[PDB]
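Read through the structure below, which is laid out as structure tokens, and then see the notes.
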Amino acid sequence: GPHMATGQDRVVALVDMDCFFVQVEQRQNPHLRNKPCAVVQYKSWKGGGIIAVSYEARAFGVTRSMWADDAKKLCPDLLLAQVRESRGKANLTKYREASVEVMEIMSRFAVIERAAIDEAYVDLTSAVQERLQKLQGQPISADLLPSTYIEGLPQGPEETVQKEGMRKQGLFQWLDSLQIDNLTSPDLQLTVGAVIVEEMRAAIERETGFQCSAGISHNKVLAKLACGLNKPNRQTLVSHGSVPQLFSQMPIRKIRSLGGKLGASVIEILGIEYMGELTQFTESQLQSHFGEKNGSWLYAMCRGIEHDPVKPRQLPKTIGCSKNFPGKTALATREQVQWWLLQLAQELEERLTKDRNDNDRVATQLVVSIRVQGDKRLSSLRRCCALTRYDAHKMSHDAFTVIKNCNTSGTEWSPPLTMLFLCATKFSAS
DNA sequence: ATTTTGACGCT
Ligand SMILES: Nc1ncnc2c1ncn2[C@H]1C[C@H](O)[C@@H](COP(=O)(O)NP(=O)(O)OP(=O)(O)O)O1
Ligand SMILES: [Mg+2]
Ligand SMILES: [Mg+2]
């Protein structure tokens, strides 16, 4: 009752760019705009692997991971943009730079946590309070929320058969219900949050050309879930009160961190399917099956409560370069391994030097990882060494030194290598 | 022959 926390202390948003790499390429090449389009890496093997897909192309069934030749079978007029290739490998520089454009705009509004190349969490609690002070008891107009969905609404009793009609009906129900004169109301706080996110999304689109979606809720997991509910080019507010119905038919795997083995174990061990069913277990029961930390997290999360903070971190903490060498292309000679380590080290040097100039920091550890043919794990082996100079020849030599004894017998390398990976870590200020 | 990443947990 009066002491049961409800996880309504924060306003958190998650902003995720729509078909991000595709929009970067469509901005660059107007011929690709408003077309079924995908971004592909490499080309020789089955036309290249698709890594991003426009919504027009998704309507034909094109998905990430599809070979371009196969996507063309579903969508004969599919247009393609290729990732830059440098030193024999895919180069993602253009997308990292476009990401910085977006993150720098978002950081004008609030502290952000860069969660991936095209998404960031925003802690809006302070900004909402300031905005509530600015507009004392002044009602919030639907005009301030032109792209917002209120999850769960409309409810109860032709304008109801088009999606914009439904969107506005739900928004009207929500705003009609609001208590505008209490500045401590969580639902009001979320609504002001959504007004700010509309402003943020408009700024991103104005200043970059890129569209995005967003979720606004009281924590990162609900914000992330909300964001996906009405992609693309829309934002969704998930209130605390919307959680029971939302979670009552929500597959466990849809919640952040439960899409893999742990989520599968929750389903198998407890014999449930939906996130809401978790409420019927005690905290101790969940801790007994999934550990103290996971158990406590699940117990709170199924009630819509999560405390993971929006970390103040706009820049990646590691800078890595990797290449797979699948099937017959697996690396089988010492010279091959050394040449590709050099290629990777040269890209890494270029990125590290730019990073040192832009961000006043230096990496101090080099992690070298390899995969051997047959091992299904991403990494078969990981070894580190000191990273003392931004020099590609030195980094490649040091990586070879730290992995060379993985070679059962050689001039020859065995078993063949299916992946090389260099990652610069442990940054210190410079 | 899905590729190239990046954050974080466990021991
Ligand atoms: N498995 C993968 N391998 C490589 N790159 C990938 C990837 N998954 C995504 N990317 C790259 C390419 C993606 O453009 C970018 C962002 O990933 P999303 O936010 O998950 N997907 P997007 O923004 O395209 O569409 P949506 O509107 O549904 O958000 O990261
Ligand atoms: Mg995206
Ligand atoms: Mg994303």
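When reading the values below, keep in mind they use all heavy atoms of this one structure, side chains included, and skip hydrogens, waters and symmetry mates. Every chain is numbered from 1, with letters handed out A, B, ... down the list of sequences. Each ligand, and each atom within it, is numbered from 1 in the order the structure gives.
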Inset, instruction - Could you please spell out the steps behind the side chain to side chain contact (heavy atoms under 4.5 Å, CB included) verdict for A/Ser396 and A/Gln338? - result: CA-CA 7 Å; A/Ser396 64; A/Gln338 298 178 331; over 6 Å; no
Inset, instruction - Check if A/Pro232 has a non-hydrogen atom at a distance under 4.0 Å from any atom of ligand 1. - result: no
Inset, instruction - Answer yes or no: does an N/O atom from A/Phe20 fall short of 3.5 Å to an N/O atom of ligand 1? - result: yes
Legend entry - Trace of the side chain to side chain contact (heavy atoms under 4.5 Å, CB included) decision for A/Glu350 with A/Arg87: CA-CA 12 Å; A/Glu350 186 179 60; A/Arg87 293 182 212 79; 3.2 Å; yes
Inset, instruction - Report, in ascending order of atom number, the atoms of ligand 1 lying under 4.0 Å from any heavy atom of A/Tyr55. - result: 26 (P), 27 (O), 28 (O)
Legend entry - Minimum-distance protein heavy atom relative to atom 11 (C) of ligand 1: A/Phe21 CZ, 3.8 Å
Inset, instruction - Please say whether more than 12 non-hydrogen atoms of neighbouring residues, nucleotides or ligands are located less than 6.0 Å from CZ in A/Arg27. - result: yes
Legend entry - Angle at the Mg ion (ligand 3) (to 10°), with one arm to OD2 of A/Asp16 and the other to OE1 of A/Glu119: 80°
Inset, instruction - Tell me whether A/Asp18 has at least one N, O or S atom under 2.8 Å from the Mg ion (ligand 2). - result: no
Inset, instruction - Give a yes/no verdict on whether any heavy atom in A/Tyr95 is under 4.0 Å from an atom of ligand 1. - result: no
Inset, instruction - May I ask you to list the atoms of ligand 1 that are less than 4.0 angstrom from any heavy atom of A/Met17? - result: 23 (O), 26 (P), 27 (O), 29 (O)
Legend entry - Per-atom contacts of ligand 1 with A/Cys19, taking only distances under 4.0 Å to non-hydrogen atoms: 22 (P), 23 (O), 24 (O), 25 (O), 26 (P), 27 (O)
Legend entry - A/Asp118-ligand 1 polar pair, N/O distance under 3.5 Å: yes
Inset, instruction - Indicate the ring-plane relationship of A/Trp67 and A/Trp45, choosing parallel, tilted or perpendicular according to the 30° and 60° boundaries. - result: perpendicular
Inset, instruction - Give the intermediate values and the outcome of side chain to side chain contact (heavy atoms under 4.5 Å, CB included) for residues A/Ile112 and A/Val15. - result: CA-CA 10 Å; A/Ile112 78 171; A/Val15 180; over 6 Å; no
Inset, instruction - Could you tell me whether A/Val53 and ligand 1 have an N or O pair separated by under 3.5 Å? - result: no
Inset, instruction - Determine, counting only non-hydrogen atoms of the protein, whether one lies under 4.0 angstrom from atom 19 (O) of ligand 1. - result: yes
Inset, instruction - Would you mind checking if A/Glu347 and A/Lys323 are paired as a salt bridge, meaning a charged N to carboxylate O distance below 4.0 Å? - result: no
Legend entry - Heavy-atom closest contact (A/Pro309 atom, A/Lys220 atom, distance): O-NZ, 3.1 Å
Legend entry - Angular separation of A/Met17 O and A/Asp118 OD2 about the Mg ion (ligand 2), given to 10°: 90°
Legend entry - Shortest non-hydrogen contact between A/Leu175 and A/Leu145, atoms and distance: CD2-CD1, 4.3 Å
Legend entry - side chain to side chain contact (heavy atoms under 4.5 Å, CB included) partner of A/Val221, the single match among A/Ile255, A/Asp308, A/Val12: A/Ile255
Inset, instruction - Decide, yes or no, whether a salt bridge links A/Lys73 with A/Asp70 under the criterion of side-chain N to carboxylate O below 4.0 Å. - result: yes
Inset, instruction - For atom 8 (N) of ligand 1, state whether the nearest protein heavy atom is under 4.0 Å away. - result: yes
Legend entry - Per-atom contacts of ligand 1 with A/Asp16, taking only distances under 4.0 Å to non-hydrogen atoms: 19 (O), 29 (O)
Legend entry - Protein non-hydrogen atom below 4.0 angstrom of atom 23 (O) of ligand 1 present: yes
Inset, instruction - Would you check whether A/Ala52 has a nitrogen or oxygen atom less than 3.5 angstrom from a nitrogen or oxygen atom of ligand 1? - result: no
Inset, instruction - Please work out which of A/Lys231, A/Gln211, A/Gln23, A/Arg58 has its closest non-hydrogen atom nearest to atom 25 (O) of ligand 1. - result: A/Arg58
Legend entry - Over 12 foreign heavy atoms within 6.0 Å of NZ, A/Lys354: no
Legend entry - Derivation of the ring-ring contact (aromatic ring centres under 6.0 Å, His included) call for A/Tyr299 and A/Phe281: CA-CA 8 Å; A/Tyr299 181 87; A/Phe281 300 94; over 10 Å; no
Legend entry - Top protein contact for atom 4 (C) of ligand 1, by heavy-atom distance: A/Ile51 CG2, 4.1 Å
Inset, instruction - Check ligand 1 against A/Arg64 and write out every atom of the ligand that is under 4.0 Å from a heavy-atom position of the residue. - result: 1 (N), 2 (C), 7 (C), 8 (N)
